[PDB]
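Read through the structure below, which is laid out as structure tokens, and then see the notes.
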Amino acid sequence: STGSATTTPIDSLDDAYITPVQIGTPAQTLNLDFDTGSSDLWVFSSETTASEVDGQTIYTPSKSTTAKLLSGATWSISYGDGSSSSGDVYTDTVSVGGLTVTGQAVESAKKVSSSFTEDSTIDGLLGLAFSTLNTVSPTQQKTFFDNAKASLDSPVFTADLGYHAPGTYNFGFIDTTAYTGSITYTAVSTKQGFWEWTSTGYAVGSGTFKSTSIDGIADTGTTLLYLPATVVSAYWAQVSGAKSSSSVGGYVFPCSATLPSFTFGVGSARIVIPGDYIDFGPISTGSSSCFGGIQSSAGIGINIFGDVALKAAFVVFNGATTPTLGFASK
Ligand SMILES: O=c1[nH]c2ccc(NCc3ccccn3)cc2[nH]1
């Protein structure tokens, strides 16, 4: 089997991407944030504290004839931006772009943190990291991808995120029309539960390529590109007026600037992030200070190839017995 679903930026900055997901019988369609950096499928629901729901579409398990309470199971998760959610668990039928999994753990939110409440466009998350990170207790649950894998034509999914435009998540097949040139595959470590890999280096604009190993994760749930301070300093040094601001929380630059591209290495191959991808707009409405899309990972503890990097590529998440990642230009 296969599935294919369009993913759409939630705003004009591509802060995140939402993908429609059918849950239950009859289908309840929720727009979920497909997150290759986590492993929980959780949704706003009929059980979510009323004051914490503001415009989201909710899953109501009592209206689904295939919903079954997973007795005793609870979940609780916190993300890198400090956001969090928690609740209990149902199993139900979940379909993504025509691909159906029965008995999928659907984690029903009883509580969500303010940043989820304040974002009316995200109805929940669909985790696509490794199931070892799933937070359901006392019985850990599998991701949608893990559950679907045996049924897929090929044990893969692909992320094709758009810049200021819709993109695509495919499951079970590689669309050879969706990229240019060839796909370069690279090794993955699953030891931290992430799609963790090692970039072979970087270039800034038309500068020479610096060969250097950068270990990081392919994380569709993270907006920006977080890289070592040395790398990030070398990038922003090429932007007149750019500076790291403690008060804002990262590198900012004059909105009047033309940003240089950023290249990262995948084996001997190169993925080029156009300068415009690195612009995340005024730090506050009407400001002429703009927030940078490449930021330091110092104090995060890990480098993160977030949407800024991933949307420049066609990315294969290969879930074969030994997982790998593939990157192609597009
Ligand atoms: O690295 C990041 N990923 C993000 C996704 C959405 C956002 N913005 C909206 C949001 C935040 C938290 C919960 C719900 N919606 C910011 C992000 N930063």
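Along the chain as shown, residues are numbered 1 onward.
Per the header of the entry, the method used was X-ray crystallography, 1.7 Å.
Cβ from N, Cα, C; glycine included.
Within the same chain, residues at least 6 positions away in sequence whose Cβ sits under 8 Å from that of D35 (active site) are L125, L126, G127, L128, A129, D219, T220, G221. Feature annotation from Swiss-Prot assigns active site to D35 (among others).
When secondary structure is read from DSSP and collapsed to three states, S199 (active site) falls in the strand class. Note: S199 (active site) has non-local neighbours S213, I214, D215, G216, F264, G265, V266, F305, i.e. same-chain residues 6+ apart with C-beta under 8 A of its own C-beta. What Swiss-Prot records for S199 (among others) is active site.
Taken from Swiss-Prot, the feature disulfide bond applies to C255-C290. Same-chain residues at least 6 positions away in sequence with a Cβ under 8 Å from that of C255 (disulfide bond) are, in sequence order, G281, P282, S287, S288, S289, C290. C255 (disulfide bond) falls outside any helix or strand according to DSSP and counts as coil.
The domain 'Peptidase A1' feature in Swiss-Prot is assigned to 17-328; the stated evidence is sequence analysis.
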Original post:
According to DSSP, which of helix, strand or coil covers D35 (active site)?
Top reply: strand
